[PDB]
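Have a look at the structure below before the remarks.
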Protein chains: 4
Amino acid sequence: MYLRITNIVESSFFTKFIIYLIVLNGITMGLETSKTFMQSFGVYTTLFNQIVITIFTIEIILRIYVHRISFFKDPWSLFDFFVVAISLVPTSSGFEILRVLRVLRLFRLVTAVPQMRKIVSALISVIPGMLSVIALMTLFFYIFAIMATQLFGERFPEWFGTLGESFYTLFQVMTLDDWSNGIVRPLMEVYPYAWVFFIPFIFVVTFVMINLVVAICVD
Amino acid sequence: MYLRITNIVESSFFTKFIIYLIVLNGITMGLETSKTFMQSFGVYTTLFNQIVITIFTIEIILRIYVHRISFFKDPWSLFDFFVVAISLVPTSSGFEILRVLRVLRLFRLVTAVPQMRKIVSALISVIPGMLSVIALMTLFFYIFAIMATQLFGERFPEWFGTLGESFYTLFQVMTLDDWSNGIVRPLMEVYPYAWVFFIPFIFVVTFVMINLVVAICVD
Amino acid sequence: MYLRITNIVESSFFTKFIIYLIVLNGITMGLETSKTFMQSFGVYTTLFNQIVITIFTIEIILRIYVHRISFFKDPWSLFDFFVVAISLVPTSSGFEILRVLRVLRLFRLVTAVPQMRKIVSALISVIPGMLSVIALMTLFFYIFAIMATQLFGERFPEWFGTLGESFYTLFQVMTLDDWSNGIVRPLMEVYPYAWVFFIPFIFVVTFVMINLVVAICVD
Amino acid sequence: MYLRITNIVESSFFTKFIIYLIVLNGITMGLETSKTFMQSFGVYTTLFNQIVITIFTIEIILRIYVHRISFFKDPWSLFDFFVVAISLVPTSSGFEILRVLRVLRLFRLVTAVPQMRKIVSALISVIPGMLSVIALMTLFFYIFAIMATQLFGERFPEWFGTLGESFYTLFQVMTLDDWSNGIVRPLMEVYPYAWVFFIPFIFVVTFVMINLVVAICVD
Ligand SMILES: [Ca+2]
Ligand SMILES: [Ca+2]
């Protein structure tokens, strides 16, 4: 039966049928948003949902026999596995993000339609070039986050109280989001010199970020 | 009579006369802004305004006898038709926005003068080389918007209570506009881990946007 | 005496004596900032000021005989002229920005030193290859600023009440400064669809602004 | 004994031992953040600290014999000296920032690992080609910072009261951080024309900054 299924799975109709399902479960998920819609068609949607989930595991099962090892060395395939697997944990127990993480299957429209794959791959491929910088920065954030925690977290614990909090705040300053009126001006009412910590921080982090982008507009 | 009017329409004087009317009507519309000016010279204005609208329909009528089907295959011509069209719907009934949409005719200055046409066309021309990415993002926004609506819309309905609102709020975070003190910090007072949703959201969306820009610094 | 002075003006000493004065008057102007310093050495620096103002007029006079018509066709010279002229208008009368515009002379350090001149000129020269774009944008701002005034000015006059106000607010949205929580969200409490005006406005304006930057990276 | 140690220092083991210490002290410094961890194992980590600081000075001592004048002409080497030196200054007296500045030693992970050194060097190397522009801006900031102090510092001393504050505030406008609702709109409630100072300021400073990035995508 091997070549029978290898001709079912690999068939245009099979793929195009999967894609047709994604776009339907996709649409169906944007409807599960309406409290109104659930009070009229809630049952329709939960069933339709459970259905598609089977169809996708059947498919993923079929897909595996036709590929075996070759499959668990395909990024795109692994993805579909894990995404469907997430969708498999029952509508219960554990955390509830799993019920929410289900909507990740709409990312299959990327995986199971070229052009997306291409563009996605075009994007991801840039990442290796950045890891030298990214590393540098994370060391930097780690260093400043520590300094910040022990300079400001006594009077300003919301913002710098914990190593993690400083990380968050520092990230915020880096996105330049409300950094002066929101954060540094307050700090200064107590620690006049706080500007000496944040202006340099901003220069460095924005400098690095400009290089990093110019780096990507060459490779 | 055709070649008579073809010579009239194609005549530089005709074009330049149109362009002259635009720069007059534009100035007129900026004066229609002043409550003072309208009490003084509102009469002068509304008639000069209606006059121009006639002239522009006559022109557009003339312009079609001289181009026929070639016209409705011209972007710029279509534009002008559709723009003057808007301005034709009476100063009453339906949606008061129409009366306001009238000012779109000042975009005829773009259409009736080249170099503008050049620059605009230069701009537009970049779009198709972006649609692979734009689509990618929209799928992303769509996925996260749904996730957010079901993660935060109960305690935070202004911001996430609805698919639309999540779209809006998500866009706002993307523009990095007041995203931390304005939104995530609040969110966190209830959902400590909301940073796990938004920091990734921010990296991705910002990354994509950098690639999209560099993509245009190649083509 | 012509060639005598033509040898004084062109003299490296003279030029370097000018640059020396600038850096002093510059230093002197940052000292004039302190209320304390003025209560000690105010009279010192006021005279020192009037002194330098003469020296600079003497020079610009000498500079003219030596160059005549050639001088009033030099950007950098015209500048130096006008910036000294401002510094000549009596310490009284009219507007008091003239007392404040006097600090523009420190821009002579840009004029009187190359590399600065190089860099300034390098910058400026990019401008003509932007005017096509700048025009487009200004037309756009003018169009939207009009729409906005007659759509939100009635309920929201601080922000859109006047053509100028809308220009201002629009600029602010363009810099993406506090635009959603600060403006569009309030707007929406009254005009639910105001998002329809501002999201597009942002796309256009930021798209256009990105192209304009990529233009300056191929020129 | 010279060549004996020149084979100790210049050994793989040595370097990799140093790197191993950094990553350990680094982890130790993130644990010193927790008030909990300090009430438990504070003693462990305070000793561990003095230990590493010894090892590092011994190493730096060794490193100098093996290198002499070649060492105090290596950026990276000088760094480690200075950084370790700061870490030597007793746990008392003067200012406490010295105690905090100690965490700068984690920058040795950059000093003492290539690729980092490469990437950092890549970045720093870009700087000299910016000094022409940077200079320009600092003159510009200085000129406007002075202007602002005398136009707004009387009614608005938090923001422009002192030369320094104006620098700070102006910097903030440059990052476009809450500049309109936070600063200019208020300023305008008293000085209607303040927009005539800040909008130009913003174009110039943003324009320049755009070029400066385009420069770094050519050099
Ligand atoms: Ca803000
Ligand atoms: Ca902001």
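Labels used: A, B, ... for chains in the order of the structure tokens, numbers from 1 for residues in each chain, and numbers from 1 for ligands as shown.
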
message: Residues of chain B within 10 Å of chain C, counting only C-alpha atoms, what are they? List them as a PyMOL selection string.
response: chain B and resi 26+29-35+96-97+100-107+109-110+115-120+122-124+126-127+158+168-169+171-173+175-179+182-183+213-214+216-219

- prompt: Quick one: residues within 10 Å of residue 63 (chain A), only C-alpha atoms counted, chain neighbours fewer than 3 positions away excluded, as a list in words?
  reply: residues 5, 6, 8, 9, 10, 57, 58, 59, 60, 66, 67, 68, 71 and 77 of chain A

Give me a file of those residues, with C-alpha atoms, as a PDB file, in the first residue's frame.
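As written to disk, result.pdb reads:
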ATOM      1  CA  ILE A   5      -0.414   6.359  -0.133  1.00  0.00           C
ATOM      2  CA  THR A   6       2.829   7.979  -1.417  1.00  0.00           C
ATOM      3  CA  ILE A   8      -2.277  10.060  -2.212  1.00  0.00           C
ATOM      4  CA  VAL A   9      -0.136  12.241   0.119  1.00  0.00           C
ATOM      5  CA  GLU A  10       2.165  13.664  -2.550  1.00  0.00           C
ATOM      6  CA  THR A  57      -3.138  13.926  12.663  1.00  0.00           C
ATOM      7  CA  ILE A  58      -4.242  11.435  10.021  1.00  0.00           C
ATOM      8  CA  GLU A  59      -2.423  13.593   7.479  1.00  0.00           C
ATOM      9  CA  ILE A  60       0.657  13.942   9.703  1.00  0.00           C
ATOM     10  CA  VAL A  66       5.910   8.429   3.119  1.00  0.00           C
ATOM     11  CA  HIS A  67       9.013  10.147   4.603  1.00  0.00           C
ATOM     12  CA  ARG A  68      10.130   8.391   7.794  1.00  0.00           C
ATOM     13  CA  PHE A  71      10.476  14.080   7.917  1.00  0.00           C
ATOM     14  CA  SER A  77       7.446  19.184   8.991  1.00  0.00           C
TER      15      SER A  77
END

- request: Name the residues of region 36-189 of chain B that come out as helix (DSSP H, G or I) in a backbone DSSP run; write them as a PyMOL selection string.
  value: chain B and resi 36-65+68-73+75-86+97-112+116-124+128-152+157-160+163-174+180-189

Coordinates of chain C after Cα superposition on chain D, as an mmCIF file with C-alpha atoms, in the first residue's frame:
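Okay, superposed-v1.cif is ready:
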data_model
loop_
_atom_site.group_PDB
_atom_site.id
_atom_site.type_symbol
_atom_site.label_atom_id
_atom_site.label_comp_id
_atom_site.auth_asym_id
_atom_site.auth_seq_id
_atom_site.Cartn_x
_atom_site.Cartn_y
_atom_site.Cartn_z
ATOM 1 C CA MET C 1 61.869 31.548 34.632
ATOM 2 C CA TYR C 2 60.763 34.126 32.040
ATOM 3 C CA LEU C 3 60.227 31.589 29.211
ATOM 4 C CA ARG C 4 58.666 29.188 31.740
ATOM 5 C CA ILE C 5 55.894 31.711 32.546
ATOM 6 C CA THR C 6 55.785 33.005 28.928
ATOM 7 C CA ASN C 7 54.688 29.437 28.229
ATOM 8 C CA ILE C 8 52.152 29.454 31.072
ATOM 9 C CA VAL C 9 50.497 32.786 30.061
ATOM 10 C CA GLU C 10 50.262 31.921 26.352
ATOM 11 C CA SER C 11 48.928 28.520 27.250
ATOM 12 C CA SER C 12 45.523 27.723 25.856
ATOM 13 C CA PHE C 13 44.683 26.305 29.295
ATOM 14 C CA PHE C 14 45.449 29.616 31.038
ATOM 15 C CA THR C 15 43.274 31.595 28.613
ATOM 16 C CA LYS C 16 40.448 29.077 28.881
ATOM 17 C CA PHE C 17 40.860 29.038 32.656
ATOM 18 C CA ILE C 18 40.340 32.807 32.611
ATOM 19 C CA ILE C 19 37.258 32.607 30.435
ATOM 20 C CA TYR C 20 35.988 29.906 32.812
ATOM 21 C CA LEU C 21 36.399 32.235 35.803
ATOM 22 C CA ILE C 22 34.652 35.138 34.089
ATOM 23 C CA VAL C 23 31.563 33.014 33.302
ATOM 24 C CA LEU C 24 31.514 31.919 36.930
ATOM 25 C CA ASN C 25 31.925 35.354 38.497
ATOM 26 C CA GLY C 26 29.343 36.538 35.977
ATOM 27 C CA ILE C 27 26.930 33.876 37.177
ATOM 28 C CA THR C 28 27.876 34.760 40.735
ATOM 29 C CA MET C 29 27.038 38.453 40.254
ATOM 30 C CA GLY C 30 23.493 37.729 39.025
ATOM 31 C CA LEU C 31 23.035 35.606 42.140
ATOM 32 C CA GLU C 32 24.255 38.455 44.339
ATOM 33 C CA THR C 33 21.193 40.250 42.988
ATOM 34 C CA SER C 34 18.817 38.154 45.087
ATOM 35 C CA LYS C 35 18.241 39.368 48.642
ATOM 36 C CA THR C 36 17.177 35.786 49.361
ATOM 37 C CA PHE C 37 20.345 34.170 47.981
ATOM 38 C CA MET C 38 22.524 36.586 49.956
ATOM 39 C CA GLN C 39 20.816 35.570 53.231
ATOM 40 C CA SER C 40 21.752 31.956 52.517
ATOM 41 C CA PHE C 41 25.053 31.906 50.691
ATOM 42 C CA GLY C 42 26.265 35.485 51.060
ATOM 43 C CA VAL C 43 29.578 34.617 52.690
ATOM 44 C CA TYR C 44 30.232 31.942 50.054
ATOM 45 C CA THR C 45 29.991 34.397 47.191
ATOM 46 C CA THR C 46 31.820 37.257 48.936
ATOM 47 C CA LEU C 47 34.933 35.090 49.426
ATOM 48 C CA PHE C 48 34.568 33.504 45.961
ATOM 49 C CA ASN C 49 34.595 37.109 44.781
ATOM 50 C CA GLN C 50 37.734 38.243 46.579
ATOM 51 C CA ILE C 51 39.373 34.999 45.345
ATOM 52 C CA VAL C 52 38.705 35.735 41.690
ATOM 53 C CA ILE C 53 39.883 39.312 42.173
ATOM 54 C CA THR C 54 43.309 37.989 43.194
ATOM 55 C CA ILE C 55 43.546 35.431 40.398
ATOM 56 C CA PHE C 56 42.824 38.269 37.984
ATOM 57 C CA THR C 57 45.546 40.504 39.422
ATOM 58 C CA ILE C 58 48.035 37.625 39.460
ATOM 59 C CA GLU C 59 47.180 37.070 35.793
ATOM 60 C CA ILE C 60 47.389 40.743 34.825
ATOM 61 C CA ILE C 61 50.790 40.844 36.611
ATOM 62 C CA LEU C 62 52.000 37.696 34.819
ATOM 63 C CA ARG C 63 50.446 39.121 31.649
ATOM 64 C CA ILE C 64 52.682 42.208 32.030
ATOM 65 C CA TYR C 65 56.126 40.540 32.459
ATOM 66 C CA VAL C 66 55.407 38.441 29.393
ATOM 67 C CA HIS C 67 54.421 41.594 27.357
ATOM 68 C CA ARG C 68 55.895 44.627 29.168
ATOM 69 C CA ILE C 69 55.514 47.841 27.126
ATOM 70 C CA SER C 70 53.605 45.922 24.397
ATOM 71 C CA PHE C 71 50.750 45.364 26.949
ATOM 72 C CA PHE C 72 50.205 49.059 27.767
ATOM 73 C CA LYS C 73 49.654 49.677 24.051
ATOM 74 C CA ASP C 74 47.032 46.976 23.702
ATOM 75 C CA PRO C 75 43.474 48.384 23.992
ATOM 76 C CA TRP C 76 42.133 45.099 25.328
ATOM 77 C CA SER C 77 44.898 44.809 27.862
ATOM 78 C CA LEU C 78 44.678 48.350 29.197
ATOM 79 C CA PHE C 79 40.980 47.658 29.597
ATOM 80 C CA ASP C 80 41.522 44.455 31.576
ATOM 81 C CA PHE C 81 43.962 46.397 33.671
ATOM 82 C CA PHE C 82 41.646 49.299 34.507
ATOM 83 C CA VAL C 83 38.635 47.068 35.098
ATOM 84 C CA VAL C 84 40.568 44.997 37.587
ATOM 85 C CA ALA C 85 41.975 48.130 39.253
ATOM 86 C CA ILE C 86 38.442 49.344 39.941
ATOM 87 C CA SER C 87 37.699 45.908 41.411
ATOM 88 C CA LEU C 88 40.640 46.412 43.752
ATOM 89 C CA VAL C 89 39.605 49.676 45.424
ATOM 90 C CA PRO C 90 38.557 48.623 49.006
ATOM 91 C CA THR C 91 34.940 47.573 49.689
ATOM 92 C CA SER C 92 34.444 51.000 51.366
ATOM 93 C CA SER C 93 35.227 54.733 51.254
ATOM 94 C CA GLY C 94 34.700 57.468 48.637
ATOM 95 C CA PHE C 95 31.867 56.742 46.209
ATOM 96 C CA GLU C 96 29.967 53.426 46.333
ATOM 97 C CA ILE C 97 29.706 53.182 42.585
ATOM 98 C CA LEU C 98 33.093 51.620 42.790
ATOM 99 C CA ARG C 99 31.414 48.612 44.403
ATOM 100 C CA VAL C 100 28.980 48.726 41.531
ATOM 101 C CA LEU C 101 31.442 49.450 38.731
ATOM 102 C CA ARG C 102 32.989 46.071 39.670
ATOM 103 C CA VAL C 103 30.447 44.432 37.420
ATOM 104 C CA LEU C 104 32.317 45.953 34.454
ATOM 105 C CA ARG C 105 34.766 43.028 34.703
ATOM 106 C CA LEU C 106 32.190 40.871 32.942
ATOM 107 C CA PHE C 107 33.143 42.878 29.912
ATOM 108 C CA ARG C 108 36.343 40.801 30.040
ATOM 109 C CA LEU C 109 34.378 38.007 28.393
ATOM 110 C CA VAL C 110 34.442 40.441 25.424
ATOM 111 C CA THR C 111 38.211 40.970 25.743
ATOM 112 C CA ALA C 112 39.223 37.411 26.534
ATOM 113 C CA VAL C 113 37.310 35.971 23.556
ATOM 114 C CA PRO C 114 37.730 36.786 19.870
ATOM 115 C CA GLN C 115 34.690 37.148 17.569
ATOM 116 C CA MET C 116 33.488 39.386 20.454
ATOM 117 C CA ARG C 117 36.749 41.309 19.963
ATOM 118 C CA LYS C 118 36.076 41.008 16.215
ATOM 119 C CA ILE C 119 32.550 42.380 16.498
ATOM 120 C CA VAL C 120 33.391 45.055 19.092
ATOM 121 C CA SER C 121 36.277 46.203 16.932
ATOM 122 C CA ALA C 122 34.054 46.100 13.919
ATOM 123 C CA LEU C 123 31.622 48.404 15.688
ATOM 124 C CA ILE C 124 34.183 50.813 17.149
ATOM 125 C CA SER C 125 35.964 51.265 13.869
ATOM 126 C CA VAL C 126 32.898 52.963 12.439
ATOM 127 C CA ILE C 127 33.259 55.773 14.978
ATOM 128 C CA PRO C 128 36.091 57.801 13.401
ATOM 129 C CA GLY C 129 34.067 58.079 10.208
ATOM 130 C CA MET C 130 31.289 59.766 12.261
ATOM 131 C CA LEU C 131 33.218 62.371 14.263
ATOM 132 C CA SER C 132 32.686 65.068 11.610
ATOM 133 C CA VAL C 133 28.943 64.609 12.044
ATOM 134 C CA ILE C 134 29.011 64.097 15.852
ATOM 135 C CA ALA C 135 30.867 67.407 16.123
ATOM 136 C CA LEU C 136 28.333 69.231 14.015
ATOM 137 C CA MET C 137 25.531 67.908 16.191
ATOM 138 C CA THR C 138 27.149 68.715 19.448
ATOM 139 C CA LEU C 139 27.763 72.259 18.276
ATOM 140 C CA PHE C 140 24.084 72.355 17.333
ATOM 141 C CA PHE C 141 22.902 70.948 20.622
ATOM 142 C CA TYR C 142 25.144 73.448 22.416
ATOM 143 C CA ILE C 143 23.661 76.325 20.417
ATOM 144 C CA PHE C 144 20.028 75.286 20.834
ATOM 145 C CA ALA C 145 20.477 74.282 24.456
ATOM 146 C CA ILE C 146 21.653 77.829 25.078
ATOM 147 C CA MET C 147 18.711 79.437 23.228
ATOM 148 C CA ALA C 148 16.258 77.198 25.013
ATOM 149 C CA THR C 149 17.658 78.035 28.471
ATOM 150 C CA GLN C 150 17.124 81.686 27.863
ATOM 151 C CA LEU C 151 13.723 81.272 26.253
ATOM 152 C CA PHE C 152 11.858 78.831 28.502
ATOM 153 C CA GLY C 153 13.985 78.429 31.578
ATOM 154 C CA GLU C 154 12.170 81.208 33.442
ATOM 155 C CA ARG C 155 8.644 79.702 33.261
ATOM 156 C CA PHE C 156 9.780 76.147 32.721
ATOM 157 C CA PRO C 157 12.836 75.489 34.903
ATOM 158 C CA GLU C 158 12.352 71.719 35.317
ATOM 159 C CA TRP C 159 13.064 71.431 31.640
ATOM 160 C CA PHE C 160 15.204 74.400 30.480
ATOM 161 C CA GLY C 161 16.132 76.073 33.689
ATOM 162 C CA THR C 162 19.828 75.323 33.375
ATOM 163 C CA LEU C 163 22.119 74.717 30.413
ATOM 164 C CA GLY C 164 22.300 71.046 31.437
ATOM 165 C CA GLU C 165 18.564 70.707 31.801
ATOM 166 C CA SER C 166 18.010 71.994 28.280
ATOM 167 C CA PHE C 167 20.679 69.625 27.036
ATOM 168 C CA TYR C 168 18.650 66.829 28.620
ATOM 169 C CA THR C 169 15.315 67.967 27.395
ATOM 170 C CA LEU C 170 16.717 68.520 23.929
ATOM 171 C CA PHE C 171 18.124 65.042 23.866
ATOM 172 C CA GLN C 172 14.666 63.797 24.812
ATOM 173 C CA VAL C 173 13.030 65.699 21.967
ATOM 174 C CA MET C 174 15.665 64.245 19.684
ATOM 175 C CA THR C 175 14.683 60.731 20.657
ATOM 176 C CA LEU C 176 11.186 62.036 19.984
ATOM 177 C CA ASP C 177 10.220 60.745 23.451
ATOM 178 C CA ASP C 178 6.884 62.225 24.578
ATOM 179 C CA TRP C 179 7.996 65.431 22.952
ATOM 180 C CA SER C 180 4.672 67.081 21.972
ATOM 181 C CA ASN C 181 2.154 66.277 24.741
ATOM 182 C CA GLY C 182 5.034 66.060 27.212
ATOM 183 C CA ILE C 183 6.857 69.312 26.307
ATOM 184 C CA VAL C 184 6.052 71.488 23.355
ATOM 185 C CA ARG C 185 2.246 71.604 23.931
ATOM 186 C CA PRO C 186 2.743 72.682 27.569
ATOM 187 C CA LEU C 187 5.309 75.153 26.392
ATOM 188 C CA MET C 188 2.783 76.484 23.939
ATOM 189 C CA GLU C 189 0.187 77.244 26.573
ATOM 190 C CA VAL C 190 2.605 80.116 27.440
ATOM 191 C CA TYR C 191 4.738 80.562 24.383
ATOM 192 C CA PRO C 192 2.464 80.028 21.376
ATOM 193 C CA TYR C 193 5.388 80.091 18.969
ATOM 194 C CA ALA C 194 7.522 77.518 20.693
ATOM 195 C CA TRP C 195 6.569 75.231 17.776
ATOM 196 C CA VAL C 196 8.872 77.473 15.669
ATOM 197 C CA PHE C 197 11.834 76.382 17.810
ATOM 198 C CA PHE C 198 11.043 72.686 18.036
ATOM 199 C CA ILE C 199 9.770 71.577 14.633
ATOM 200 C CA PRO C 200 12.937 72.932 12.949
ATOM 201 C CA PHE C 201 15.063 71.472 15.735
ATOM 202 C CA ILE C 202 13.507 68.098 14.954
ATOM 203 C CA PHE C 203 13.903 68.291 11.199
ATOM 204 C CA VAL C 204 17.601 69.168 11.428
ATOM 205 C CA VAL C 205 18.407 66.587 14.133
ATOM 206 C CA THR C 206 16.475 63.752 12.454
ATOM 207 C CA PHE C 207 17.721 64.690 8.941
ATOM 208 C CA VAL C 208 21.335 64.731 10.185
ATOM 209 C CA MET C 209 20.763 61.576 12.023
ATOM 210 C CA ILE C 210 19.484 59.855 8.854
ATOM 211 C CA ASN C 211 22.524 60.938 6.812
ATOM 212 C CA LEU C 212 24.853 59.680 9.533
ATOM 213 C CA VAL C 213 23.163 56.252 9.194
ATOM 214 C CA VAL C 214 23.441 56.226 5.380
ATOM 215 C CA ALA C 215 27.134 57.230 5.837
ATOM 216 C CA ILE C 216 27.582 53.968 7.798
ATOM 217 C CA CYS C 217 25.955 52.110 4.903
ATOM 218 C CA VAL C 218 28.357 53.145 2.282
ATOM 219 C CA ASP C 219 31.412 52.601 4.537
#
